[PDB]
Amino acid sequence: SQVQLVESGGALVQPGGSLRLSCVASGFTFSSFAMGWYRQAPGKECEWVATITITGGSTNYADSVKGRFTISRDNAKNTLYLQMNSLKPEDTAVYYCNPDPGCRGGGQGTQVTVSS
């Protein structure tokens, strides 16, 4: 395995609020990998959020988050970011980052609650 992913930055926010999630990765050459964000509602299934390329030159976003979310990377820090603006209650989930698909990448994830 050796892969370790630490997500953080989530909190309880009102609708319309903003949040920025970080994902510090280790155990693999972060600068040679594509990265993706994934989330799972407590009663629903894991779903794809966003994707960033190896160089960060291009990105891709799920339709439900396009325009509100932004994904970025900092290879000098082995960190992947997710800027979540205009938070909606539908964004309530545990968020995972993973060079592979899905929420079982090995990281605990970060909790994001948009209730209030």
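The first residue of the shown sequence is 1; numbering continues from there.
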Seminar exercise, completed: Listed options 27, 56, 67, 36: highest C-alpha B factor recorded at 27
Exercise. Comparing residue 72 with the other modelled residues of its chain, is its CA B-factor in the lowest, middle or highest third?
Worked result: lowest
For this session: Rank-wise, by C-alpha B-factor, drop residue 12 into the lowest, middle or highest third of its chain.
Result: highest
Problem set entry | Lowest, middle or highest third - CA B-factor, residue 98 | lowest
Exercise. Hey, what third does residue 51 fall into on Cα B-factor, ranked over its chain?
Worked result: lowest
Problem set entry | Ranked C-alpha temperature factor of residue 86 among modelled chain residues, by third | middle
